[PDB]
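Note sheet for the following structure.
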Amino acid sequence: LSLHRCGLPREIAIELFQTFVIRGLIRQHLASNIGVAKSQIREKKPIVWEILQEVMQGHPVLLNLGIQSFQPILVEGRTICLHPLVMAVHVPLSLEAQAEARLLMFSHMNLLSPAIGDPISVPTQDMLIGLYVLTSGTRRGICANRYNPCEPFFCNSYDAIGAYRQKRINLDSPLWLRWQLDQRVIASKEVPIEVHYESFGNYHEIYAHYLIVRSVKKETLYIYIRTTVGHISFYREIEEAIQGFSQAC
Amino acid sequence: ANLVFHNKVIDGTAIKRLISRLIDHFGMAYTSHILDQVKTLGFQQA
Amino acid sequence: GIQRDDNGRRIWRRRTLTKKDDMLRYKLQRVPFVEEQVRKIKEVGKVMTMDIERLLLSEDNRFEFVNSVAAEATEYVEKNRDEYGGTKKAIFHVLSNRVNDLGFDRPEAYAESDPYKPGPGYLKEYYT
Amino acid sequence: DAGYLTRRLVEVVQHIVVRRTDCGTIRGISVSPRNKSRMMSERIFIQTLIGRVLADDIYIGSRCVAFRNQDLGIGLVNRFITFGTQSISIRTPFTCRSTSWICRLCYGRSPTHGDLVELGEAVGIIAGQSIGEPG
Amino acid sequence: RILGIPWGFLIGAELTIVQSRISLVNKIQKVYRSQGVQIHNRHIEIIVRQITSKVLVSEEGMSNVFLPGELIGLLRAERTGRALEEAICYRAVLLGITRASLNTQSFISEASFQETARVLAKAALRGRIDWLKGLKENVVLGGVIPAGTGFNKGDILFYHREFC
Amino acid sequence: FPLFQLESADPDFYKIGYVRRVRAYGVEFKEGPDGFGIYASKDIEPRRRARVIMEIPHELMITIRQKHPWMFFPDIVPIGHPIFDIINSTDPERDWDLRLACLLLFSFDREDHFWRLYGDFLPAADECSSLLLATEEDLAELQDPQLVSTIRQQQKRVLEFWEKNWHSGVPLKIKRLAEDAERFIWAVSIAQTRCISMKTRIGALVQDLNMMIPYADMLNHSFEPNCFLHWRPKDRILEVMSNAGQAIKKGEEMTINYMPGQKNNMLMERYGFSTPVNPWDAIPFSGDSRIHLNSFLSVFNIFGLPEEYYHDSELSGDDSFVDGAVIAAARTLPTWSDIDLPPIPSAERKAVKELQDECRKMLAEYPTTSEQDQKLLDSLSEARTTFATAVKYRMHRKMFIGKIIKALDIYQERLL
Amino acid sequence: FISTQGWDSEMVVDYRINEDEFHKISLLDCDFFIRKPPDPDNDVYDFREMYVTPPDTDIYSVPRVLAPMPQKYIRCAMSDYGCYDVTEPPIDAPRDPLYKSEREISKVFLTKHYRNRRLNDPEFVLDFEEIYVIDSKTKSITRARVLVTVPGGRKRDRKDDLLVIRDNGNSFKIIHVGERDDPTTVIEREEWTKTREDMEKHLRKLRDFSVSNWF
Ligand SMILES: Nc1ncnc2c1ncn2[C@@H]1O[C@H](CSCC[C@H](N)C(=O)O)[C@@H](O)[C@H]1O
Ligand SMILES: [Zn+2]
């Protein structure tokens, strides 16, 4: 479910929205009057459920931040379905009450709590474990090599993710990623471990998490990040979420 | 989008900080969609 | 300043960046794989959520915005009673009208339908 | 015990609503970052300042770094810590010219909405919930 | 014993009230901060304002304006002191949130909170008027509360043509 | 069947703003010999409300408080910088342009500032039309001693400020801002011609600001604009909004009113340009002969109160004659009015004739005519921008006096 | 013009230099000025006159000199040494950036061109035996002590040698280009050394540590 939606059973929805189903039947002349419109609802005539879906759309309900407003959708079964970050159900009748429910009580304009201004819907429990495992990077040092030592290169992040889908690399296996943006990698503020300086003018700066290739002859500046597909996946998910929302709006 | 590239680990206090910065920078409609995507990613990886 | 050469055509210095902006390379790009996400955003009604936030940026008080929308919605229903309550909701019509008044373009009342419905009688069933 | 306290807390301030833009008060509460008897916590002292509206101008030399009726952001507070800002006068619920209502400037920024608190907000009931709920 | 008329009472009440507010907020925030609970001082200051917003007319202050033992607002007492010398003598009093909830401007709010019979008997004997400014008052009456979306009340030229 | 059937600005001009959240809707930036402009890239249909044309984030602007004390929004001057002392030494009333010029030159020196990039699209010293850059020979072509003396005082004030604050002993971080007087004069010219003053609310603080706003300082002036500026406090964005209900055609220039109610000599002193259709321009008449104000307004379909005079273009059909000059004529001509007393035609003809004679006496003060000035502009090949501006100014005033003679001739006949 | 050689190591001078006759080298805590003889490539240095200033200031003083300096003009290639300060600043104003990425330069290396040849010379190589180091923290300039491990001595093919810089720009070793270490190897060596020490420190307090093996 989306954060702003909830699922209602047919048996609960038809009672909550009966007045609107009756009006929809009369408006579209599927029922002659109020008395006939009641019998079709009574007899579960299948045209009732088509109307119920229509009148429910765009009509929020109040569920009792103990009380919030959601956009209901019809679901199969007999239970009320709520999204994991959340019994009385109220249907606003007047347009004034429907405006307040949609514009003041929806679950996306109340993302901050009034106490100190903290976010309300931070991922928890299994969602949090998934992100932790995803972004726990490669093993290091004596946990990575049995002996003291006295990796694949990917042109872009999509090639690295594609190699992971083909089981060519693991989720936490280290890799080098060609980086064609600015240096925006959060890392310890440290000088290079080693600088390899060729006598023709090119020098390689090896940091703990990235390599920078520079020159005293050209203006080149090439960046390779030592990461995992897990870190790439987490970065892509947020970036594609931002780009997807922008394109859709 | 000028998102920083995190490269160490994302625990509970790190995700809470990121959401608050996303809200202040992008607003609540954007962050609400980001939360839905991040929530889906966490469930799938768990 | 004003210069004309031979044939009377004025000649002038075109202004150019003549300077390096590193924000040009890394910002005018695009992600290619968000088609599914974009289509779900419209399906769940998230577009109007951004529109509501857009309208509230032009409002000093969000409570008078709510009252004004309800007042405009009441006028729609009295004017045309039978067109509202089903696929077209009056409050949704008001919001889309107010976005279009800013010069942007939105479908009327954010109403959309499934084109792959296998004929009458069939209800799309939701996977919880 | 938490519900009984929440009911009493809500009852005592249930009538408090943001009813004016500016009560026009002159007084302010003085806050000092460098008390001579105890090293005050920086983060807590910053949190008690973010969102407050200034009651007087603040100067570093001849330069006004923040104006009267300007709300305090994170950037401004860090500037007062960096330089020798000894006293800051803010508008609080203790300075408003009323006990039956509060104005926007004496309340300050809304936490849920980022801007200055809007007219008509039932901030008394919000304060009652914000203390009762963590009980 | 040091200051004179509307200065001993005025300045003495300011010192007591300012000191009380500082210690009350610190004591409350000491409890929540030791348990890791973060609440903005705004919310606590709103409650404490109601606790420390009243003075008690002293037993010797008798006039046709105030009676001894009367509970009056601090701002009202300050303003009357500047304008009159009619034996306006008062001391700051700390009212607990229960006692402050029974000394409001709405007898309807008090009667629906606690001790309904005592509240209504006193109000009925003096013909008390409730102007319904608060929120719970209007909830009882079933009206629209004065907050949120309820705040601030929510033929010549015809038949005179050319014959042609 | 489909088978059988002003240059665009540098693409990087919009892009540097666009990557920093500048949005333009239905308009394009086009460059010509006379400078930049904003034009409707498509037919902008009317709506019930004003349409958003451009959105400019606050962080891309250079703003300073109109009133003391001088605070900068966003605050870019470091504490202790010597540039604040220079800004702080100015006259609070008169030296707003010096304060903005110091901020502008300081901004060009900052690596991260947007105006380091945006400054390359500002007119250069030989392309800016400000009269602060005008030579004494350019001021000789104005034919206006009052305006000339005003400009000379401005040039003297700007120069003396540079000599006082950019002497030999100042730090290098100050010297490198304005190495020469002409560099500082150019900055003041940019400040005068492009500053936009508005009342803004930033957070909880409402104040008047003098603002350097990129991409909105490309809107040209019109006394009948199709756009207006609107500060959006919640997200700190300056909006350019087209007028509600007004249809804008593709290619139409988008304009704002720089200076409501101001004459051409004020437009020349501030922005270094004038318009022939300025509805506020005045002409000194003796007042001996007066025409009927009510008749003159009705003959030309000028409606509204005197301070809101407008032409009902739908009551004239195709009369292109009535424009801002005729409105200016209504406000500047000697007039009488007696509630509803009608004017005698023979007495009004004597006034019209005497007013036309006085109009021709003023045209005879100018050594050349407005046609001879127009062809002088076409014949130019190596003229300074300010020289052409000075000629356009005197020609516009001649065109205005000539329009009055034409309007009086029409009015005298249409009174029958 | 002026020979600062042999002058005080931290005292201010009475005048303000003309900065366009100098190389300006900007570090985190200072600006370093070395006289620039005119040259089309702008890579000739006159070390007889050098100054150091606090950043973005025009108050000049003689830097500390910890090694003998070149007496004649020399051609040098410049490269900086430092780190990236990638932060996440607080978000005060609308659209305040999510991160800020800045470069912090702590050392600058001036590597002599071999025989002072130009960059566009087809026989251009670097002379790694003559490297001068500017340190921002101490506002000093010194010559690097370089260890040569390439066989060939002074007369060798300089096209084959690789300079390795370690230890915060304090250790300089010239190796043969065939002994180049993989960047992964460099990173993994550092991690193995650190985790090996940390693990032993963790295990030291177990009372059977003295009778146990590493494996
Ligand atoms: N209506 C008008 N007629 C002639 N010049 C105008 C004008 N409106 C604006 N300008 C010119 O535009 C300047 C204001 S800045 C407006 C855009 C400008 N062309 C630029 O390149 O940035 C003024 O100095 C004036 O010279
Ligand atoms: Zn107040």
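A note on labels: chains of the structure tokens are A, B, ... as shown, every chain counts residues from 1, and ligands are counted from 1 in their shown order.
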> chain C residues within 7 Å of chain E, counting only C-alpha atoms: which ones, as a list in words?
Replying inline: residues 63, 64 and 67 of chain C
> Hey, which residues come within 9 Å of ligand 2 if we count only C-alpha atoms and all ligand atoms? Could you give them as a ChimeraX atom specification?
Replying inline: /D:20-25,91-98,101-107
Store the residues of this selection in a file with C-alpha atoms, as a PDB file, in the first residue's frame.
```pdb
ATOM      1  CA  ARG D  20      -2.755  37.756  16.128  1.00  0.00           C
ATOM      2  CA  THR D  21       0.271  38.272  13.921  1.00  0.00           C
ATOM      3  CA  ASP D  22       2.098  40.415  16.479  1.00  0.00           C
ATOM      4  CA  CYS D  23       0.975  41.371  19.973  1.00  0.00           C
ATOM      5  CA  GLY D  24       3.452  44.250  19.790  1.00  0.00           C
ATOM      6  CA  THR D  25       5.342  43.317  22.940  1.00  0.00           C
ATOM      7  CA  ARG D  91      10.160  36.277  21.993  1.00  0.00           C
ATOM      8  CA  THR D  92       8.586  33.330  23.820  1.00  0.00           C
ATOM      9  CA  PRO D  93       5.166  32.377  25.199  1.00  0.00           C
ATOM     10  CA  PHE D  94       6.416  34.207  28.323  1.00  0.00           C
ATOM     11  CA  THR D  95       6.589  37.588  26.532  1.00  0.00           C
ATOM     12  CA  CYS D  96       3.226  37.708  24.743  1.00  0.00           C
ATOM     13  CA  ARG D  97       0.821  40.428  25.879  1.00  0.00           C
ATOM     14  CA  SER D  98      -1.946  37.975  26.781  1.00  0.00           C
ATOM     15  CA  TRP D 101      -4.147  33.787  23.223  1.00  0.00           C
ATOM     16  CA  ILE D 102      -0.699  34.017  21.646  1.00  0.00           C
ATOM     17  CA  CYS D 103       0.610  35.783  18.549  1.00  0.00           C
ATOM     18  CA  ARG D 104       2.644  34.350  15.686  1.00  0.00           C
ATOM     19  CA  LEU D 105       5.917  36.069  16.588  1.00  0.00           C
ATOM     20  CA  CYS D 106       5.848  35.143  20.279  1.00  0.00           C
ATOM     21  CA  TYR D 107       5.213  31.501  19.386  1.00  0.00           C
TER      22      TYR D 107
END
```
> Which polymer residues have any atom within 10 Å of an atom of residue B:40, counting only C-alpha atoms, with same-chain residues fewer than 6 positions away left out, as a list in words?
Replying inline: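 Selected residues are residues 123, 127, 130 and 237 of chain A; 34 of chain B.
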> Which neighbours of stretch 65-74 of chain E fall inside 10 Å, counting only C-alpha atoms, when residues of the same chain fewer than 2 positions from it are skipped, and could you give them as a PyMOL selection string?
Replying inline: (chain D and resi 98-99) or (chain E and resi 10+13-14+17+52-63+76-80+84+86-93+103)
Selected residues written out with N, CA and C atoms, as a CSV table (one decimal), in the first residue's frame:
```csv
chain,number,residue,atom,x,y,z
D,98,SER,N,-0.7,38.6,26.6
D,98,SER,CA,-1.9,38.0,26.8
D,98,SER,C,-1.8,36.6,27.4
D,99,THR,N,-2.8,36.1,28.1
D,99,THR,CA,-2.8,34.7,28.6
D,99,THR,C,-4.0,34.0,28.0
E,10,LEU,N,4.8,45.6,42.4
E,10,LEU,CA,5.1,45.3,41.0
E,10,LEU,C,6.4,44.6,40.8
E,13,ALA,N,6.5,41.1,42.4
E,13,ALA,CA,5.8,40.1,41.6
E,13,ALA,C,6.6,39.7,40.4
E,14,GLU,N,7.3,40.6,39.7
E,14,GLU,CA,8.1,40.3,38.6
E,14,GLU,C,9.2,39.4,38.9
E,17,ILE,N,7.8,35.9,39.8
E,17,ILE,CA,7.3,35.2,38.7
E,17,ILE,C,8.4,34.7,37.7
E,52,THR,N,1.7,30.6,36.2
E,52,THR,CA,2.4,31.7,36.8
E,52,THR,C,1.8,33.0,36.3
E,53,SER,N,0.5,33.1,35.9
E,53,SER,CA,-0.1,34.3,35.3
E,53,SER,C,-1.1,35.0,36.2
E,54,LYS,N,-1.1,34.7,37.5
E,54,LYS,CA,-2.1,35.2,38.4
E,54,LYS,C,-1.4,35.8,39.7
E,55,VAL,N,-2.1,36.8,40.3
E,55,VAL,CA,-1.7,37.3,41.6
E,55,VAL,C,-2.9,37.3,42.5
E,56,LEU,N,-2.6,37.3,43.8
E,56,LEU,CA,-3.6,37.2,44.8
E,56,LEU,C,-3.7,38.6,45.5
E,57,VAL,N,-4.8,39.2,45.5
E,57,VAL,CA,-5.0,40.5,46.2
E,57,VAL,C,-4.8,40.3,47.7
E,58,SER,N,-3.9,41.0,48.3
E,58,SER,CA,-3.5,40.8,49.7
E,58,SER,C,-4.7,41.1,50.6
E,59,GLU,N,-4.6,40.5,51.8
E,59,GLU,CA,-5.6,40.7,52.8
E,59,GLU,C,-5.9,42.1,53.2
E,60,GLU,N,-4.9,43.0,53.1
E,60,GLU,CA,-5.1,44.4,53.4
E,60,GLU,C,-5.5,45.2,52.3
E,61,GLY,N,-5.5,44.7,51.0
E,61,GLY,CA,-5.9,45.6,49.9
E,61,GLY,C,-7.4,45.6,49.7
E,62,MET,N,-8.1,46.6,50.2
E,62,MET,CA,-9.5,46.7,50.2
E,62,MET,C,-9.9,48.0,49.5
E,63,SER,N,-10.7,47.9,48.5
E,63,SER,CA,-11.2,49.1,47.7
E,63,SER,C,-12.5,48.7,47.0
E,76,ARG,N,-3.3,42.5,34.3
E,76,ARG,CA,-4.3,43.4,34.8
E,76,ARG,C,-3.9,44.1,36.1
E,77,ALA,N,-3.2,43.4,37.0
E,77,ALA,CA,-2.8,44.0,38.2
E,77,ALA,C,-1.7,45.0,38.0
E,78,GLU,N,-0.8,44.7,37.0
E,78,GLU,CA,0.3,45.6,36.7
E,78,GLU,C,-0.2,46.9,36.1
E,79,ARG,N,-1.2,46.8,35.2
E,79,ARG,CA,-1.7,48.0,34.6
E,79,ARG,C,-2.5,48.9,35.5
E,80,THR,N,-3.3,48.3,36.4
E,80,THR,CA,-4.0,49.1,37.4
E,80,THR,C,-3.1,49.7,38.4
E,84,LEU,N,-3.7,53.7,39.3
E,84,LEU,CA,-4.4,54.0,40.5
E,84,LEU,C,-3.5,53.8,41.7
E,86,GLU,N,-5.2,53.0,44.8
E,86,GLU,CA,-6.3,52.6,45.6
E,86,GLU,C,-6.1,51.4,46.4
E,87,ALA,N,-4.9,51.2,47.0
E,87,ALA,CA,-4.6,50.1,47.8
E,87,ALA,C,-4.7,48.8,47.0
E,88,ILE,N,-4.1,48.8,45.8
E,88,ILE,CA,-4.0,47.6,45.0
E,88,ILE,C,-2.7,46.9,45.5
E,89,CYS,N,-2.8,45.9,46.4
E,89,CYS,CA,-1.7,45.2,47.0
E,89,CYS,C,-1.9,43.7,46.7
E,90,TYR,N,-0.9,43.1,46.1
E,90,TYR,CA,-1.1,41.7,45.6
E,90,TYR,C,0.2,41.0,45.6
E,91,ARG,N,0.1,39.7,45.7
E,91,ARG,CA,1.3,38.8,45.6
E,91,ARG,C,1.1,37.8,44.5
E,92,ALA,N,2.2,37.4,43.9
E,92,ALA,CA,2.2,36.4,42.9
E,92,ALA,C,1.9,35.0,43.6
E,93,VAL,N,1.0,34.2,42.9
E,93,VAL,CA,0.7,32.9,43.4
E,93,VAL,C,0.9,31.9,42.3
E,103,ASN,N,-10.4,28.3,37.4
E,103,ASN,CA,-10.4,29.8,37.5
E,103,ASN,C,-10.3,30.4,36.2
```
>> List as a ChimeraX atom specification the protein and nucleic acid residues lying within 9 Å of ligand 1, with only C-alpha atoms and all ligand atoms counted.
In response: /F:31-32,34-38,121-123,127-130,189-190,192-195,214-223,255-256,258,267-268,270-275,389
>> If we count only C-alpha atoms and set the cut-off at 9 Å, which residues sit around residue B:36, ignoring sequence neighbours fewer than 5 positions away in its own chain? Please answer as an MDAnalysis selection string.
In response: (chainID A and resid 1:3) or (chainID B and resid 31 41)
>> DSSP on the backbone: which residues in stretch 95-217 of chain A end up as strand (DSSP E or B)? Give the answer as a PyMOL selection string.
In response: chain A and resi 106+112+119+153-154+175-179+185+194-198+202-206+210-215
>> I need the chain B residues near chain G as number ranges by chain; criterion: at most 10 Å, counting only C-alpha atoms.
In response: B: 1-5, 18, 20-27
Hey, can you spit out that residue selection with N, CA and C atoms as a PDB file, in the first residue's frame?
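So part.pdb came out as:
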```pdb
ATOM      1  N   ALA B   1      19.896  15.179  -9.285  1.00  0.00           N
ATOM      2  CA  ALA B   1      19.737  15.457  -7.863  1.00  0.00           C
ATOM      3  C   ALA B   1      21.077  15.354  -7.150  1.00  0.00           C
ATOM      4  N   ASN B   2      21.397  16.370  -6.353  1.00  0.00           N
ATOM      5  CA  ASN B   2      22.688  16.440  -5.673  1.00  0.00           C
ATOM      6  C   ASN B   2      22.591  15.761  -4.307  1.00  0.00           C
ATOM      7  N   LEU B   3      22.432  14.443  -4.358  1.00  0.00           N
ATOM      8  CA  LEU B   3      22.485  13.607  -3.169  1.00  0.00           C
ATOM      9  C   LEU B   3      23.922  13.196  -2.897  1.00  0.00           C
ATOM     10  N   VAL B   4      24.318  13.244  -1.626  1.00  0.00           N
ATOM     11  CA  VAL B   4      25.624  12.725  -1.251  1.00  0.00           C
ATOM     12  C   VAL B   4      25.634  11.212  -1.440  1.00  0.00           C
ATOM     13  N   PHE B   5      26.816  10.663  -1.688  1.00  0.00           N
ATOM     14  CA  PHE B   5      26.982   9.224  -1.872  1.00  0.00           C
ATOM     15  C   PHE B   5      27.482   8.636  -0.557  1.00  0.00           C
ATOM     16  N   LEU B  18      18.753  11.308   7.455  1.00  0.00           N
ATOM     17  CA  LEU B  18      18.607  11.529   6.020  1.00  0.00           C
ATOM     18  C   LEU B  18      17.192  11.971   5.668  1.00  0.00           C
ATOM     19  N   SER B  20      15.067  13.596   7.526  1.00  0.00           N
ATOM     20  CA  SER B  20      14.856  14.974   7.953  1.00  0.00           C
ATOM     21  C   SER B  20      15.515  15.959   6.994  1.00  0.00           C
ATOM     22  N   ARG B  21      16.691  15.611   6.468  1.00  0.00           N
ATOM     23  CA  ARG B  21      17.336  16.471   5.480  1.00  0.00           C
ATOM     24  C   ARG B  21      16.592  16.446   4.150  1.00  0.00           C
ATOM     25  N   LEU B  22      16.054  15.286   3.763  1.00  0.00           N
ATOM     26  CA  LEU B  22      15.264  15.213   2.537  1.00  0.00           C
ATOM     27  C   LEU B  22      14.000  16.055   2.648  1.00  0.00           C
ATOM     28  N   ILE B  23      13.356  16.038   3.818  1.00  0.00           N
ATOM     29  CA  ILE B  23      12.159  16.848   4.033  1.00  0.00           C
ATOM     30  C   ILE B  23      12.491  18.329   3.916  1.00  0.00           C
ATOM     31  N   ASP B  24      13.586  18.753   4.547  1.00  0.00           N
ATOM     32  CA  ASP B  24      13.937  20.168   4.541  1.00  0.00           C
ATOM     33  C   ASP B  24      14.372  20.640   3.161  1.00  0.00           C
ATOM     34  N   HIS B  25      14.959  19.756   2.360  1.00  0.00           N
ATOM     35  CA  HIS B  25      15.438  20.130   1.036  1.00  0.00           C
ATOM     36  C   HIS B  25      14.392  19.924  -0.055  1.00  0.00           C
ATOM     37  N   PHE B  26      13.686  18.792  -0.042  1.00  0.00           N
ATOM     38  CA  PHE B  26      12.768  18.450  -1.121  1.00  0.00           C
ATOM     39  C   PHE B  26      11.305  18.710  -0.794  1.00  0.00           C
ATOM     40  N   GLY B  27      10.947  18.816   0.479  1.00  0.00           N
ATOM     41  CA  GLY B  27       9.561  18.928   0.871  1.00  0.00           C
ATOM     42  C   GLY B  27       8.923  17.579   1.147  1.00  0.00           C
TER      43      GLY B  27
END
```
Based on only C-alpha atoms, which of the residues in chain E come within 10 Å of chain A? I want them as an mmCIF file with N, CA and C atoms, in the first residue's frame.
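Once written, result.cif looks like this:
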```
data_model
loop_
_atom_site.group_PDB
_atom_site.id
_atom_site.type_symbol
_atom_site.label_atom_id
_atom_site.label_comp_id
_atom_site.auth_asym_id
_atom_site.auth_seq_id
_atom_site.Cartn_x
_atom_site.Cartn_y
_atom_site.Cartn_z
ATOM 1 N N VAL E 37 13.706 11.992 26.445
ATOM 2 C CA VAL E 37 12.547 12.526 25.738
ATOM 3 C C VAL E 37 12.816 13.984 25.388
ATOM 4 N N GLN E 38 12.786 14.300 24.096
ATOM 5 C CA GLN E 38 13.050 15.648 23.612
ATOM 6 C C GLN E 38 11.730 16.345 23.303
ATOM 7 N N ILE E 39 11.486 17.463 23.978
ATOM 8 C CA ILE E 39 10.325 18.311 23.750
ATOM 9 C C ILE E 39 10.824 19.744 23.664
ATOM 10 N N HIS E 40 10.301 20.502 22.707
ATOM 11 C CA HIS E 40 10.707 21.895 22.593
ATOM 12 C C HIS E 40 10.209 22.692 23.792
ATOM 13 N N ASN E 41 11.013 23.667 24.221
ATOM 14 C CA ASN E 41 10.638 24.484 25.369
ATOM 15 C C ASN E 41 9.379 25.298 25.114
ATOM 16 N N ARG E 42 9.020 25.508 23.847
ATOM 17 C CA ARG E 42 7.787 26.212 23.510
ATOM 18 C C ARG E 42 6.580 25.601 24.208
ATOM 19 N N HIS E 43 6.425 24.279 24.101
ATOM 20 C CA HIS E 43 5.253 23.617 24.666
ATOM 21 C C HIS E 43 5.225 23.733 26.184
ATOM 22 N N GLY E 148 -8.518 26.779 13.605
ATOM 23 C CA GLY E 148 -8.382 26.056 12.351
ATOM 24 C C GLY E 148 -9.262 26.663 11.279
ATOM 25 N N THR E 149 -10.042 25.815 10.607
ATOM 26 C CA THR E 149 -10.943 26.309 9.574
ATOM 27 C C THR E 149 -12.142 27.049 10.150
#
```
>> Here is a test: counting only C-alpha atoms, which residue of C:39, C:124, C:20, C:62 is nearest to chain F?
In response: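 Among the listed residues, C:20 lies closest to chain F.
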